Amino acid sequence: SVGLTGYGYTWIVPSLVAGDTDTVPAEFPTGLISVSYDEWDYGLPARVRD
Amino acid sequence: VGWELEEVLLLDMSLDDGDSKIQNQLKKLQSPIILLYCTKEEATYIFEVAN
């Protein structure tokens, strides 16, 4: 509503706000940058072995 | 006298369901002073959008 989401504004966010990466609450600006734990690359079976 | 004029935003409310369109235009205001010129009932719409 104010106007600090698009244009030349990039928001960097921790893994808390991203949360479930499969569901996007449709209010996160496009081009949001988040740091998340590596779940896509190494799956659960590697984690249990580790 | 050293003035500085930023925007001469031209509003319009004859458009149907144009509340979204008038919203983006009004956000482009970064000045302490605004010299609004509209009608009494048009001001309420503008001030509510500013609200």
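Only the coordinates and a few stated rules stand behind these numbers; no lab work does. Quick reminder, even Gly has a Cβ in these numbers, built from the backbone with ideal geometry, and neighbours come from all protein chains shown.
So, counting K/R as plus one and D/E as minus one, what does the shell of residues with Cβ under 15 Å around A:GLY19 add up to?
Net of charged neighbours comes to -4.
Please give me the summed charge of the neighbours of A:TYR7: other residues whose Cβ is under 11 Å from its Cβ, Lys and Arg +1, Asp and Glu -1.
Neighbourhood net charge equals +2.
Can you figure out the FRET efficiency of B:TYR45 with B:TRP3, using R₀ = 30 Å and their beta-carbon distance, to the nearest 0.05?
The pair B:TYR45/B:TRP3 has a calculated efficiency of 0.60.
How tilted is helix B:40-50 with respect to the longest principal axis of chain B? Cα atoms for both, answer in degrees (0 to 90, nearest 10).
For helix B:40-50, the angle is close to 80 degrees.
Using the Cα atoms of chain A to build a convex hull, what is its mean projected area in square nanometres?
4.5 nm²
Report the net charge of residues surrounding B:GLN30, where surrounding means a beta-carbon distance below 12 angstrom and charges are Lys +1, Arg +1, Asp -1, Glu -1.
-1
When you look at the Cβ of every residue in A:17-25, what mean number of other chain Cβ atoms sits within 10 Å?
The shielding value for this peptide is 0.
In whole Å, how far is the Cα centre of chain B from that of region A:1-38?
Cα centroid of chain B versus Cα centroid of region A:1-38: 29 Å apart.
Using each residue's phi in region B:14-23, evaluate 6.51 cos²θ - 1.76 cosθ + 1.60 at θ = phi - 60° and report the 3J(HN,Hα) Karplus result to the nearest Hz, with x for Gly and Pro.
Running phi through 6.51 cos²θ - 1.76 cosθ + 1.60 with θ = phi - 60° gives 6, 5, 7, 6, x, 4, 5, 5, 6, 6 Hz.
Using amide H atoms built in the peptide plane, which far-off residues or other-chain residues are under 5 Å from A:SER34 H to H?
When sequence neighbours closer than 5 places are left aside, the close amide H contacts are A:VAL13.
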